[PDB]
Structure formats: C-alpha cells, structure tokens
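Residue-level structural notes
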Amino acid sequence: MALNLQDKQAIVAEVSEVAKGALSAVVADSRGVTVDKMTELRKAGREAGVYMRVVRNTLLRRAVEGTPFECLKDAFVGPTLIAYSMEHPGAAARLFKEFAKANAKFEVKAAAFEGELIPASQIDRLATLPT
Amino acid sequence: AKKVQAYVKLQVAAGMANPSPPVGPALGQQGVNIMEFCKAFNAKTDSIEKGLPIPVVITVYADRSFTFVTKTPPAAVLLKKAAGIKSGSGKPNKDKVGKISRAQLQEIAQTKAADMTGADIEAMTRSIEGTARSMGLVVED
Amino acid sequence: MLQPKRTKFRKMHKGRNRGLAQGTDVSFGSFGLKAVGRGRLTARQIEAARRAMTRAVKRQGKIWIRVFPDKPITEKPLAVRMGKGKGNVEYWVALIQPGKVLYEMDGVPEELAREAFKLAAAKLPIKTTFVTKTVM
Amino acid sequence: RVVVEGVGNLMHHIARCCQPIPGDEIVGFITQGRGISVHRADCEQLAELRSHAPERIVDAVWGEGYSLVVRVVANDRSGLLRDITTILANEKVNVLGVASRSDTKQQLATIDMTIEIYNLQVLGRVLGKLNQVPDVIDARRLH
Amino acid sequence: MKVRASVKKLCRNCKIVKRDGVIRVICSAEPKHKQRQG
Amino acid sequence: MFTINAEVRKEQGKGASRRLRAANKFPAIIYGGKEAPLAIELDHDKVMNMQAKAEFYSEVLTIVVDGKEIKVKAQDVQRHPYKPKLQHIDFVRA
RNA sequence: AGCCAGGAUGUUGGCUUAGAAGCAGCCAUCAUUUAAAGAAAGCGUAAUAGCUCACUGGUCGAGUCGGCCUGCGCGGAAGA
C-alpha cells in the first residue's frame with residue numbers, strides 16, 4: 001500500500017457506490033475463514049456480482065475521513081474490527097436481510113446487520129417489499 | 001455437520017481409489033475407511049467417467065459417516081484431455097509444448113466455474129490460462 | 001598465489017610506503033573492495049581472498065583483482081647470524097596504499113557483492129571498505 | 001539397423017563433431033569413400049555440409065543406438081571429484097574415456113567423459129544421477 | 001555456552017543483551033545460541 | 001534543478017585548502033570561456049547529497065554566488081581516496 | 001511495538017518422484033476471491049496434516065525504523 005492516493009481513490013469508489021445505493025449494510029467478520037470466503041464473497045458475487053468489496057479500513061482517520069460526502073450515517077461505524085458495504089447495484093434491495101439470516105447462519109457474524117438508511121431501516125430486514 | 005477430524009483434500013481416482021498413495025496409508029495415518037468408501041464411491045462413480053485423478057475432500061462424521069467431496073477432475077488433467085497432451089513440461093514456460101485452444105479452456109473454465117471463485121467464467125478462464133502457465137503450454141486460437 | 005612471471009631481478013630493497021592509492025576509482029565492475037589500510041598483501045592472502053569471494057558468488061559474476069604482488073620478499077633461514085648476504089626469496093607481496101581498490105565485481109546483485117567482499121575483508125589483513133562505481 | 005530412407009544395411013560412418021542417438025533422427029551425407037556420413041539431424045557443421053552439396057544427402061532413422069560423449073562440470077577439485085569415482089561404479093555403462101578440461105581461463109573443472117547408452121530412457125536417468133551431486137554444476141552430452 | 005570475542009545473533013530468536021557490562025546473547029530458541037563475551 | 005549556493009574563495013593554496021576542507025566545506029573551481037577562471041568555495045554536505053544523483057554529472061548545474069546564478073556543467077571531481085567525501089570539483093562554465 | 005481474526009482458492013500447478021500437495025530437484029513466479037494469502041519465508045509429515053510468517057483489517061495511538069558521518073567509552077585482555 002502507498003498513501004492518500006489509493007486511500008482517497010477507494011473513497012471515490014465509496015461515493016460511486018453510495019451515489020445511487022440504497023440501504024448500505026455494515027460488515028465486520030469476527031472469526032470467519034478464507035476457505036469459507038471462497039464461496040462467501042463469491043456468493044455476494046452471486047447476489048449483485050461485482051458489488052461487495054469489503055475494503056476494510058474503518059480507521060476514523062482513514063476510510064472515515066472518506067465517509068462524510070455520502071450516507072454520513074456510516075460514521076457510527078468507526079471503532080474496532082468493522083468495515084463498510086453499500087448497495088449501488090440495488091435500489092430497494094433485499095440484500096440486507098441476506099446478512100441477518102447468515103448473521104445466525106455459518107459466518108459467525110458480520111456487524112450483526114444494522115446498516116444505515118434509505119428505506120428507513122436500521123437493524124431491520126427490508127421485509128415489506130416486492131421480490 | 002462435523003467440520004474438523006479427517007477432512008483433508010486429496011487427489012484420488014474418479015472411481016479407482018485402490019493404490020496405496022491415493023488411498024492406502026495416505027488416509028490410513030488419518031485412519032479413513034477404505035471399505036464403504038469403495039462401495040458407495042464405485043456404486044455411484046461407475047456412472048461417472050473413470051480414469052482421471054479428480055480432487056476429493058474427506059469429511060468424517062461423529063460415528064464415522066463419511067462424505068467424500070469430489071470437485072471436478074484437475075485442470076491439468078482436463079488440459080491432457082481437450083488439448084490431447086499426455087504430458088506437460090519439465091520446463092513450464094521455458095519450453096512450452098502442449099498445443100491449446102482458448103474456447104475449449106473457457107468451457108472447461110465453465111465446469112470449473114461450476115466450482116471456483118467469484119462469478120465470471122472468464123476470470124476463472126484466466127485461472128485456467130494460469131494453469132497453462134503452471135505447466136508450460138503453447139497457446140493456440 | 002599470483003606470482004610475477006620472471007622479474008628483471010630476484011631481490012628488492014625493503015623500501016617504504018609513504019603514499020596514497022593511484023587506482024582509487026573502481027575501474028570495471030560497479031562494485032569494488034577499496035582498501036582503507038596501508039599494508040603488504042601476500043600472494044596467499046590475495047588468492048585466498050579470491051577463493052572466499054568467488055565461493056560466495058558462485059561462478060556467475062565477473063571479478064577482477066586490481067592488485068598484483070611484484071615485490072619479492074626475502075628472509076633469512078631460521079637460525080642464521082645477521083650478515084652473510086641477503087636472504088632467500090620466501091614469497092611475494094603487493095604494497096597497498098590507503099584507498100587502493102583491491103577486487104572488483106560485476107554481473108551480480110549489490111547485496112551478494114556486499115557479502116562476498118565482507119568475507120574477502122575477513123580473510124585479508126588490512127582494513128577495507130565497500131564501494132560502488134562512480135559516475136565520472 | 002539404420003533405415004536410410006527405406007533401406008538398411010548401407011555402410012555408414014558416424015560423425016565425430018556431434019553425437020547422434022535414437023532421437024531427433026539423422027541427416028545422412030554421402031562421403032566419397034566410406035559410404036554414408038550420418039551427422040544427426042540438425043547441426044551447424046552439418047549445415048555447411050548441406051551448404052556445399054545438398055543433392056548427395058538423404059535422411060535416415062534407426063530402424064530397429066550406442067556410444068556417446070558427455071561433458072560433466074565440477075567445482076575446482078580438492079577431492080570431491082574423487083567423489084565422482086565412487087559414482088563410476090554406480091554408472092552402468094563402462095566409461096570409455098576420461099577427458100578433464102580444467103584449463104580454459106579460470107578455475108573451471110570440466111570433464112569430457114565418453115560412454116554409451118542402450119536406450120534413451122536409461123539416458124534420462126543418467127542425467128538425473130549426474131544432477132544430484134552438488135559439485136556437478138554441469139552435466140550434458142558434449143557435441 | 002559459547003564465550004566468543006565476537007558474539008553475534010545466530011538465529012531470529014537470538015537477542016543481544018549487556019549484563020553488568022559484559023555483552024551477551026541470550027536466545028529463547030536454541031540454548032546453544034547462548035554465548036557470552038565480546 | 002541542481003541549484004547550489006557557493007562563496008568566492010580568497011585563500012587559494014594547500015594551506016587554506018585543507019583548513020577549509022576540515023571545516024565541512026571544500027574548494028572547487030568554475031572555469032570555461034573567455035570569462036576569468038573562478039575559484040569557488042562551497043559547502044560539502046549539500047553537494048555530497050546532490051552528487052548521489054547521476055544527473056548531477058549531466059544536468060546543467062546552477063551555482064549561485066553573490067546573486068550570480070551562473071550555470072555550469074559538471075566537469076571533474078577529486079574524491080577523497082577512501083573517505084566518502086569530496087575534495088575538489090571542476091565546473092566547466094556553461 | 002504489542003494485542004483480535006484471517007493468512008486461501010483454482011489445483012495436490014507442471015516435469016518429476018511410490019508421494020514433491022507451499023516446502024528432494026527444476027520450471028513456472030499466473031489467475032481468483034481479495035482487506036490480505038508468495039503454486040510460498042522458516043518449521044514440520046513417508047507425502048499429508050499441522051506450527052508460523054509475509055500481508056490485511058481492529059484497537060490503542062504517538063513517532064518509529066534502517067544505514068551513513070564523527071567525539072568518548074565497553075569487550076577482546078592470562079604469568080610467575
């Protein structure tokens with residue numbers, strides 16, 4: 001890794017995703033493994049595809065310095081082994097509930113699903129919406 | 001639902017786990033059941049085409065109810081198949097020898113797609129081209 | 001043991017060594033072992049240093065030996081009274097002025113060179129220092 | 001023996017600036033006397049031969065493959081080459097001729113040994129047991 | 001333990017330590033690496 | 001880009017030369033063209049750093065002295081026999 | 001710098017070797033999911049497994065690291 005260049009550029013990616021993203025989700029592996037990851041991130045790849053990119057760097061002085069511009073509701077996620085995940089490929093997505101079920105199903109947990117707000121949903125699976 | 005015990009990934013014959021290294025004490029030090037392994041494997045993989053060392057993962061249960069996990073025969077083996085090569089090179093990328101066809105590998109990268117990393121067959125096809133690096137083969141369109 | 005191939009004479013005055021190097025700059029490779037010290041390298045010392053150097057760097061990488069003995073050293077036969085003519089030519093040495101480039105290397109990575117020259121210095125008597133080819 | 005393009009039995013003489021074996025097949029040059037001049041297929045010296053008279057040359061194979069020279073190379077000496085002696089016994093084919101070339105310009109320790117082979121396979125294992133020894137920085141058929 | 005005039009780290013675990021001025025090289029790994037003096 | 005400050009010397013000669021070189025500054029000279037050859041004292045450290053760049057021996061230097069930003073091409077340098085430090089430099093006026 | 005987790009997958013890569021699967025030898029030194037994982041840096045097995053590392057994220061949260069140039073010391077350093 002180099003510096004501010006890539007940092008701020010990955011932040012551009014952030015804005016990119018939030019620019020038309022819906023209910024962004026929180027992500028924080030506690031004790032998961034790469035073998036699982038082979039079909040884990042691959043499964044997000046089966047969700048929207050190139051969507052999920054868990055660029056861990058929840059540093060309050062780093063990724064958080066890049067947060068503000070869009071969905072500042074994201075800050076709350078700052079301290080400890082946490083990260084970010086949006087929903088650019090998904091206006092009005094069900095993508096959020098996927099995390100709940102898996103929160104208690106083979107993944108230990110991922111920030112116990114709480115997300116942010118577009119369809120007015122904190123820790124709440126986006127239930128009342130056409131599939 | 002058991003996870004850790006004797007779960008190791010080992011290449012084994014698609015329907016011929018009889019030799020010592022493929023079966024023998026290779027799973028013997030791990031203490032794996034030749035018996036039923038044969039019965040079921042054969043009984044079901046007889047329908048499966050034989051002769052190619054497909055990877056399999058031994059998955060043991062609490063009272064020993066095994067689950068062999070065959071993926072897809074080796075890309076190196078698929079290369080021996082579709083490319084029609086019998087051997088790669090003692091010099092991978094130093095002396096490329098086996099002739100190959102991109103689309104063949106792409107469809108074979110679709111089988112491997114059936115089981116790999118991500119979503120796009122093409123990225124997985126690059127992995128197969130990477131496999132071609134691993135063994136030293138001449139590429140052909 | 002490098003040795004002068006038949007010189008004009010057989011013996012040479014002890015002389016002195018009040019001076020500085022002439023071949024101070026690295027001449028061929030981009031690496032050299034400049035000698036900080038002021039001494040008298042024996043053929044044995046030189047050849048041995050070469051061996052160790054070479055060993056370290058394998059057969060790859062060209063090497064030069066800037067120094068050559070060309071100084072016969074005579075000595076009296078153990079247990080003979082002073083006088084009775086000058087002693088026998090026991091061996092050969094090369095005078096070394098401070099800053100005298102000794103061995104030079106090229107065709108190999110700086111790191112390995114640094115190590116080979118380390119070993120060379122170890123075998124050698126006089127204190128030395130690592131160097132790199134100067135751009136003019 | 002050597003099926004010189006659809007006929008065997010033909011008197012020939014093996015070239016001494018190359019070491020043909022039952023592999024790449026062989027180019028056959030027709031000398032004035034001594035009939036045929038097998039020089040292996042593809043070789044620089046062979047090249048000049050073609051250069052002056054292509055017409056008097058036709059191919060040859062092996063029909064139904066012995067004697068060859070090899071250049072092993074060792075690190076200076078101080079004895080570990082004696083180690084090579086020990087290997088003399090393990091080598092199946094009787095060594096035909098010792099030819100060390102430690103000369104050149106440096107401390108190089110090459111040895112041009114001449115031996116034989118019964119099958120190309122066997123040759124494979126030859127190079128293997130030569131490559132094992134650390135002092136054997138090099139070991140290849142001399143041409 | 002070794003008692004060299006030229007002690008030096010011998011492995012990754014070797015660690016230089018100056019007890020009462022005498023320089024030493026304690027090592028958590030191989031005890032053999034333990035050496036004094038220098 | 002190699003800009004360098006430098007003072008005019010006023011004590012040429014081996015004596016002051018070494019007296020100066022001991023003072024972390026060394027004598028060097030600028031000369032070339034109809035202009036009068038000019039003795040130039042200059043700081044050692046800065047140049048010791050500048051030289052590390054090969055361009056220092058190719059790129060036109062811009063020595064500054066009493067406001068005189070004379071440009072000179074690197075010509076020759078007398079490095080110390082072994083001590084990693086300069087003793088004298090030859091700036092071809094350019 | 002410590003402390004949390006992970007450090008893979010394709011595929012045990014190919015030649016090869018009974019086996020070389022990260023780790024006998026030689027070549028390859030790619031792809032992928034990647035925050036990160038080298039067909040592997042040390043260890044380990046008959047090969048495996050497995051231990052660790054690089055690397056990446058978390059927290060804490062201020063400098064820290066590697067060389068050079070020199071002053072002064074230390075060790076090297078035992079005799080009747």
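Residues numbered from 1 in each chain as written, not as in the entry; some residues may be left out. Chains lettered and ligands numbered in written order. Part of a larger assembly, values for the part shown. Heavy atoms only, no water.

This entry, as listed in the PDB, derives from cryo-EM and reports a resolution of 3.9 Å.

In this complex, chain C contributes nine residues to the contact, which on the side of chain F involves nine residues. Buried area between chain C and chain F, summed over both chains or domains, comes out near 790 Å², and the portion from carbon and sulfur atoms is 66%. For the pair chain C and chain F, the interface holds zero salt bridges. Where chain C packs against chain F, one counts two residue pairs in polar contact. Looking at side-chain class alone, the side of chain C that touches chain F contains five nonpolar, three polar and one charged residues. (Contact = heavy atoms within 4.5 Å. Buried area = accessible area lost by both parts, 1.4 Å probe. Salt bridge = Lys/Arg side-chain N within 4 Å of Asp/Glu carboxyl O. Polar contact = N/O pair within 3.5 Å; in protein donor to acceptor, adjacent residues only side chain to side chain. Nonpolar A, V, L, I, M, F, W, Y, C, P; charged D, E, K, R; others polar.)

Take the layout of surface pockets next. Any empty space left between the atoms is revealed when a probe the size of a water molecule rolls over them. The space that makes up the largest pocket amounts to roughly 1,300 Å³. Lining the largest pocket are 33 residues, with A:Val35, A:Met38, B:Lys9, B:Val57 and B:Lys71 sitting closest to its centre. For the lining of the largest pocket, the secondary-structure elements that each account for two or more residues are α2 (34-47) of chain A together with β1 (9-11), β2 (55-59), α3 (75-82) and α5 (121-135) of chain B. With six residues, the single largest contributor to the lining of the largest pocket is α2(A). Grouping the constituent residues of the lining of the largest pocket by class yields 16 nonpolar, nine polar and eight charged. (1 Å grid on protein atoms, 1.4 Å probe; cavity = no way out; pocket = protein on both sides within 12 Å on 5 of 7 lines; lining within 4 Å. Points joined across faces, edges and corners; volume = space filled by probe spheres on them. Helix = DSSP H or I, 4+ residues; strand = E, 2+ residues; numbered from the N terminus.)

Turning our attention to the side chain of A:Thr58. Residues and elements named next belong to chain A. On the secondary structure map, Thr58 appears in the loop between α2 and α3 (63-66). A distance of 2.7 Å separates the side chain of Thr58 from the backbone oxygen of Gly78, its partner in a polar contact. Apart from the residues within four sequence positions on either side, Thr58 is in contact with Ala63, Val64, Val77, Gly78, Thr80, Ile82 and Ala83.

Strands in a sheet are paired, the pairing made by backbone hydrogen bonds, and the direction either parallel or antiparallel. All names here are of chain C. The four strands lie next to each other as β3-β6-β1-β7, forming an open sheet whose pairing is antiparallel. The open sheet terminates on both sides in strands that have one partner only, identified here as β3 (62-65) and β7 (128-132). For this sheet, the mean inter-axis angle between neighbouring strands, taken without regard to orientation, is 20 degrees. Strand contacts of helix α1 (residues 43-57): β3 and β6 (100-106), with the helix running at about 25 degrees to β6, the strand carrying the most contacts. Of the strands in this sheet, β1 (31-35), β6 and β7 are in contact with helix α2 (residues 110-123), which crosses β1 at around 30 degrees. (Pairing = 2+ DSSP bridges. Axes fitted to C-alpha atoms, helices over the stretch in contact; angles between N-to-C directions.)

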